[PDB]
């Protein structure tokens, strides 16, 4: 399995954003999946009653797409990744660096799902002010943020991280409990990840992915102290040149 040092030495954040998050008129498997993720995260943070004071995002990578509907429903967003270089990319955007990744196609798509109430500029300034803390993170540790003081959060979010981060089910189920340590009892857990998948590519470079099915996922979340409110499985896959998944699951859970 890809080790944490392989993420520190070889995970290229600029390449990663270019292969997966360049929203494209040409209807790429990647654009479709991104459109799938974007309409689910709107559904969860805007239509459903998923709102709170504090949202922690775990495995943020170099991406801000998972936070664009979230910032409508939370006052404070803390973003985390195990890879510093990833957190360095994220911050470029937060600072509105003119060398930050261009997200606006995505910001336009979301500004649309939310019924054009706001322009691109002012949905971007909602997210920037919402993100209060950018922190090192590790889902294998029982205190994944280490020493860092944080109030109990109302929602933990993890997009396409825990498949990347966990060599096996025991580790996977351990990681779920550990994110619960950051959550108020009856606090929301949101996970969007790949189903039946062993790898994904960032350019020439190969990264493992925990190969796990519908049953295994939903079993681990119960084990970890959660009750599932909704669970969803789309059959849409990544390009065959990039990933070997059979689909993607989304879930909203609660902490017993």
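Residue numbers count along the first chain shown, from 1.
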| item | value |
| --- | --- |
| Cross-entry absence of residue 24, a third or more of other PDB entries | yes |
| Higher-scoring stretch by recorded Cα B factor average, 2-10 or 247-255 | 2-10 |
| Mean Cα B-factor comparison, 61-69 or 47-55, giving the higher one as deposited | 47-55 |
| 224, 190, 37, 194, ranked by C-alpha B-factor: the highest one | 224 |
| Options 157, 160, 79, 113 - largest CA temperature factor per the record | 113 |
| Within-chain third of residue 138 by Cα B-factor, per the entry | middle |
| CA B-factor placement of residue 33, once the chain's modelled residues are sorted into thirds | lowest |
| Relative C-alpha B-factor of residue 228, binned into the chain's lowest, middle or highest third | lowest |
| Chain-relative CA temperature factor third for residue 212 | highest |
| Chain-relative CA temperature factor third for residue 84 | highest |
